[PDB]
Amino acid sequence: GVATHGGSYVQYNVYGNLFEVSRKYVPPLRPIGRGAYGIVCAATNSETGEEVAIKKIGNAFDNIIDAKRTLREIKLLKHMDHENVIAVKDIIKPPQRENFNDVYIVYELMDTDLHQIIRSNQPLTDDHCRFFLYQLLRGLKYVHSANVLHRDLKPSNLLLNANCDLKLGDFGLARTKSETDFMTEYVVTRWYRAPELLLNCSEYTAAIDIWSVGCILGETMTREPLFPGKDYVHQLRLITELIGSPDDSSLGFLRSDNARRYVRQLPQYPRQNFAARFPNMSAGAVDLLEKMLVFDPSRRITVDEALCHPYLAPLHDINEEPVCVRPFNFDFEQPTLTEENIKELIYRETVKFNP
């Protein structure tokens, strides 16, 4: 570390990337992940004696789309208060408001994520899959009751501790159930997108999250992604190779002949028997997987029905499944939102943490 700005901040070199953070954050510094937008590093808060996860978001305010994702991540996570949603501990105040380019979000530290666990050389029993799935659904129940769709569920966003506690993270692509818009931000993972998203449907519901949940459940059972399309056409094909090509009623939600011909130019496949494809697995699990991976979203099981599925009966308890009584009302689509006032809002959130 090299103290700067009078000693109030310190820069650390983490594999070439410079972290500039407030002085109370000290080493050991452990790189624990890298996504499309954040580089994430564990550190110690010396004032409280805690380990924390510091996510550096470089160049957060370069364009309006990156700005909004950083604003959603912060506002949604400060809104949620739930055992299965990751909590924000701090947002570092930039040393000078005039030069505010990098955003550092300090989260509670988790041991790993579900992607790393699925790929690891250890068993994932039926109780692991049930326990992960229950907590995922439990947190989604709360998130959806706040009127929010997560929209980007994938194993690497499900943070885990060794005791199998699970927390949803990475809310930057979330939407309120009212701002449903057609545009789908680039992810490096199309593998968990519902067919409504792959086909650019502009109206869609909580069913898109349930689709991702099914992809995740299936991956926990097979230890492989179900639908790793190398592009978006290959992705649709892999889906219909498992569940069969949609009939005309299942394509009702499409809004153009263009999207219709797209789907029907694919090779047509019969709906496979899920027991055959997933033998020697839990009948409750296969049954639930088949009810989530339904092409027609209006026919997908909901979060609430999934919590009452037999597979989860060992864990299901309405006394322990709160909803959010405070709905999320911030409107990220006001036309007076610029990179510069989004910067001001986030700067204000940091003063809430560091006056």
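Counting begins at 1, following the sequence as shown.
Comparing the deposited coordinates for 142 to 150 and 198 to 206, the stretch with the larger average C-alpha B-factor is 198 to 206. Relative to one another, 289 to 297 and 43 to 51 have unequal mean CA B-factors, and 43 to 51 is the one with the higher figure.
The entry assigns its greatest Cα B factor, within the set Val188, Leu166, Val106, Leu217, to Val188.
Looking only at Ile32, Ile57, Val325, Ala306, the residue with the top Cα B factor in the deposited structure is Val325. Among the modelled residues of its chain, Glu98 has a C-alpha B-factor that falls in the highest third, as given in the PDB entry. Residue-level temperature factors show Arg260 in the middle third of its chain, judged at the C-alpha atom.
Ranked against the other modelled residues of its chain, the C-alpha B-factor of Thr302 as given in the entry falls in the lowest third. Among all modelled residues in its chain, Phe182 ranks in the highest third by Cα B-factor. When the modelled residues of the chain are ordered by their C-alpha B factor, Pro270 lands in the highest third.
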